[PDB]
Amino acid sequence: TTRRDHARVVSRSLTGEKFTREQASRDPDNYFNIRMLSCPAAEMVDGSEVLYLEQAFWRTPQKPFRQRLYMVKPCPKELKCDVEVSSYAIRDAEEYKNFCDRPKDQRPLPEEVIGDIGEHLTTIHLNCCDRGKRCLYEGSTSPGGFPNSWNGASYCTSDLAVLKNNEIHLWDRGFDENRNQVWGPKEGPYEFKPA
């Protein structure tokens, strides 16, 4: 097991169809039932896999409220992490709506997916969890950045936990210039489990 083995498990864990329905019925005050549908979209020459990931309210699965292109690749050996997960905005999101259930001929091809990658939103450095912990891999967006690199604008924070049987715990939060949470769940991560 090296970092590309880890990345392949992380990449497989992130794809598929998932629901937060167990968490939604457990705690309806704080969590909704969200459907996550993820599929591989392109392979980089470096070996990095580009996955399409989208999230929708369970009652409107063809109207996703979040659409992303994820890049999962093994961490460089000089970087002290196992797997790197990066999410990107999509230049036009509507050509990509429900990308996972449309045949390859009538959806963006691997040729175009590299060009449709928009602004970089998150980078998460995952590490193998300790012995006995429930997770397989866990990590967050870096608590710190380069000095004077924050432009004073909105910033998002993302925590990611990969568990057994392709269970994904995702906590995407957004903040304003005065550090007040504005979007994303307040209590904790959404727990996505295979249908």
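Residue numbers run from 1 along the displayed sequence.
The question of which stretch, 120 to 128 or 98 to 106, has the higher mean Cα B factor is settled in favour of 98 to 106.
Remark: stretch with higher mean C-alpha B factor among 59 to 67 and 148 to 156 is 148 to 156. Reading the B-factor column for the CA atoms of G47, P40, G139, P28 in the entry, the top value corresponds to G47. Looking at the C-alpha B-factors along this chain, the one for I114 belongs to the highest third.
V182 sits in the highest third of its chain by CA B factor, as recorded in the PDB entry. Remark: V85 belongs to the lowest third of its chain, ranked by C-alpha B-factor as recorded. Annotation for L79: CA B-factor lies in the highest third of the chain's modelled residues. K133: CA B factor lies in the highest third for its chain, per the PDB record.
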